[PDB]
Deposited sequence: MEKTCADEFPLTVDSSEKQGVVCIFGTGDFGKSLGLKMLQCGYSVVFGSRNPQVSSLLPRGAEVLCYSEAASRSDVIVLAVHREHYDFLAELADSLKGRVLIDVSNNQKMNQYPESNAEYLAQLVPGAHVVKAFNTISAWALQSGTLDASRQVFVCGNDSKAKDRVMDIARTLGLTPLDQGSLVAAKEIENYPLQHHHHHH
């Protein structure tokens, strides 16, 4: 399989990265501090966000909505890439716009696809629902994310356009 980029090196990023390496992807991490990488897998490459962006066409945004802001200055080197929003909020109606729609405007030249938000960090390793709700405004971007979902052992369901994102984000809260 090809290359995938994971922005962020926390619980979700690490867990997905490891699973993706195990399924045959090459993985590149984007990080604020790529000189700290002890807990990251020897097979992944670890770079600054700007450099990680240019290494792949698919970028998993393993960051919380609260720290999306840095993407605004990168939005030029994210042009034409797939950006997977995996985010949840801590509580219902915490924001008037869906996180994935907010990202879509922070980065107007990327194709945003919502996916993976209902998978717990480390559930891909423990082998303990396989369903993944996917939405987005571009079918080529969505189909690419759905293929990733299947290669990881998951069952993706196309819920429509990015307007479906709010309900997908609400799902683990309710």
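### Task
Would you flag the ranges of the deposited sequence that the structure leaves without C-alpha positions?
Missing CA coords at 1-18, 147-149, 196-201.
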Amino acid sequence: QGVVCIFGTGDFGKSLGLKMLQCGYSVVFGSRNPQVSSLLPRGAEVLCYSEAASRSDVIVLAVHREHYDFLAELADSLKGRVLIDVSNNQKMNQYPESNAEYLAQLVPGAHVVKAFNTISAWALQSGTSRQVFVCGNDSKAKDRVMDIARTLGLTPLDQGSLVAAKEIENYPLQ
From here on, numbers count along this sequence of modelled residues.
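### Query
Lowest, middle or highest third: where is residue 85 by Cα B-factor in its chain?
Its C-alpha B-factor, which the entry lists for residue 85, ranks in the lowest third among residues of this chain.
### Chain-wide C-alpha B factor ranking for residue 15, given as lowest, middle or highest third
Lowest third of the chain for residue 15's C-alpha B-factor.
### Task
Rank-wise, by C-alpha B-factor, drop residue 42 into the lowest, middle or highest third of its chain.
As the PDB entry reports it, the C-alpha B-factor of residue 42 lands in the lowest third of its chain.
### Message
Can you tell me whether residue 117 has a C-alpha B-factor in the lowest, middle or highest third compared with the other modelled residues of the same chain?
### Response
Residue 117: CA B-factor falls in the lowest third of its chain.
### Task
Divide the modelled residues of the chain into thirds by Cα B-factor and specify which third, lowest, middle or highest, holds residue 71.
It falls in the middle third of the chain.
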